[PDB]
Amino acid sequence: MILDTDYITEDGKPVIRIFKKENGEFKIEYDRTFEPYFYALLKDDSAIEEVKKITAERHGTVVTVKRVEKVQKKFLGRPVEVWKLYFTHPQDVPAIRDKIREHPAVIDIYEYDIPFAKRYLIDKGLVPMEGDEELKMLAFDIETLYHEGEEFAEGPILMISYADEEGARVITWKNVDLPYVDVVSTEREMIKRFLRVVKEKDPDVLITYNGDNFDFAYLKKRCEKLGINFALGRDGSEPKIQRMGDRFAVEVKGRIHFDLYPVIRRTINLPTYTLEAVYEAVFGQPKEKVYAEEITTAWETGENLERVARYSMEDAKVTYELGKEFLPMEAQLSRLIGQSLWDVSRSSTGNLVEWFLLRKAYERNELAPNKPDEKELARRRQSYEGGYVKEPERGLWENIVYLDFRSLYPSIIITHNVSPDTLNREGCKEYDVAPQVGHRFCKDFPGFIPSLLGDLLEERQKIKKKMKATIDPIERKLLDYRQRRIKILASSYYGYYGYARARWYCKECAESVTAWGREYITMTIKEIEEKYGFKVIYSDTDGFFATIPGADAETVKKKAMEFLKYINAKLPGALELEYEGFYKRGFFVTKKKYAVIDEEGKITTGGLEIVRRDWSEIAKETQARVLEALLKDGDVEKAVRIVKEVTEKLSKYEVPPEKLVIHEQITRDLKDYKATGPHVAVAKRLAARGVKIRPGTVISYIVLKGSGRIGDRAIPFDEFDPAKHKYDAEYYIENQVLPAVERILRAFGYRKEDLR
């Protein structure tokens, strides 16, 4: 199985290293025969000679164009003559590429920014994370000495905990009488001890939690001041810290540093992404937190050091149990994109799609288009029309069916071959024309993108089939992870079209897809009202809720099924309305604010506060019991006696503060907030005491009794002392609970005023 790739230099020449685990065994294949290159497009072939003479300086070294090669490729399906420019060393490319594109005789250059090792995996058609190979995983977390205002890592590391299938231990340099704590004399011995453990456990995967921004920058700076060789790598190297713009990320050669923090971000939407939060969110058992100053004083006074022990022990234990769950999922995502687990696990949705297209593009001899420079990214400004959203018949309805399309936007792409290479291609025999916007899409050949979309969805379909007939439950779970990722890969195509930074961005492709979507959704709605007498209560992009007023619970179901038969015959290609489910009751608040309950009693919400991190758990909780009292019980009164009793629990301060915390995210540098709400209030006030505040931090604040701006009374939740803090009850009534149930209960002749 392939694990990662990189290169080392050997006498000025690159050497690809491929890290394999072929049957329990770590192996390193070396490839000295791979040449870094990029692509040039010229005015005449007669320019190649003046281009080849182009030369650049690196680190005192002179950079030359090794050799040139003429090739034919397809740029956007058109045949294009291009000169492949070859180089002796990968680091030659970023030096010279600029000085080449500025040549008069060169129109542009392409695939000039592919990481040598990633390019190896493409060009050679190699795929990471492939095979039956069980990986040895080790998680680890640290604890540090935190005194405020200190520089980063000035204070020593107090503990280093780690976990695997055999359990957890903690390495520390004070006495703690716990059978899983190992005592040593000095912070240095502890580090060199942990360094030994990793060497003799020889894990394939090193699992942290935010190790890219904390645990590995500390372990490095401390290894600096203490002067320790941090030979974690299977080749003996130190953790290689890399700068991914905003933050950092750490690699460890011969292994896979699996930082879960970026995995949980992309994969799960949670209120806060603290390790403690995430562990309770994934496995349902609590995990208590121990805060920095508690760690400090407990370490200094030498008291209650057992408590800091189990915190650290449970940081490592959780982090393994977590990495255990999320690793195969990201293993299959690695296999699907064709790039290292380390890479994809840190990648955004757009980057994931592009690496996959970059692979397919190379397989189909398609010159990849560049990424937009500043100007092109500016002309990628004006937006397009999205879906059709129907201003709903606000209120409660009974006996309801939700019908939607099976994969509207991917199915539209395959059906009408929406692809930048088919868009308006002259000289075809057949075209599909897109509504409202009228782009022509050539039908004579499958487009680049639609060819992949179909291949994906078909492959997804074979997989489910192999799942159901397979016998190896390890295999089944893996397959399942793959197709779920294929689903999400498929369903990431339309956005990629309108993603302003994308290499294959096609605005035209994107608005086309939404224009069709609206024709298909609108026509299906007219044909269910006029032709089949349903009433369309609400409709959003790819589906609608409908009912036949006054008809039976089991009539509506049946006549719906009849309309599927009807409408599907009328829908071209893979377009297809399907029966999603039936809901004995459903309340519709506004556009994109709804809640249906099925015949079993499960309640599903959409756009509702009950599911937002920026609303307090007391609101979301009360709104839910409100939704139960209507949909599940029909008790409109109880839905008011519930609010009337919850408001009294706040006016008498009888409700836990832990419910009143509001979580919001920071999306920029604090210097860039044109206007300061309450989370930037606390954030500014927090980084003023010196805490790191990245774009992405979740501020978890609470609103205190007082007057004025909401922010002037906000405090981060950790600083909340209930004995010397009276939280603002009036706010959590008139700004948090009531406005979240008042829209549901105004529909019954109830005003906020008869809700306290």
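Start at 1 with the first residue shown and count on from there.
- Per the PDB record, of the two stretches 96 to 104 and 445 to 453, 96 to 104 carries the greater mean B-factor over its C-alpha atoms.
- Relative to its counterpart among 277 to 285 and 108 to 116, 277 to 285 has the higher mean temperature factor, C-alpha atoms as listed in the PDB entry.
- When the C-alpha B factors of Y494, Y579, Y431, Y583 are read from the deposited coordinates, the top value falls at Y583.
- Considering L489, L358, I610, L564 together, the PDB entry gives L564 the largest C-alpha B factor.
- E35 sits in the lowest third of its chain by CA B factor, as recorded in the PDB entry.
- Residue-level temperature factors show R689 in the highest third of its chain, judged at the C-alpha atom.
- Compared with the other modelled residues of the chain, the Cα B-factor recorded for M329 ranks in the middle third.
- Remark: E10 belongs to the lowest third of its chain, ranked by C-alpha B-factor as recorded.
- For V62, the recorded CA temperature factor ranks within the highest third of the chain's modelled residues.
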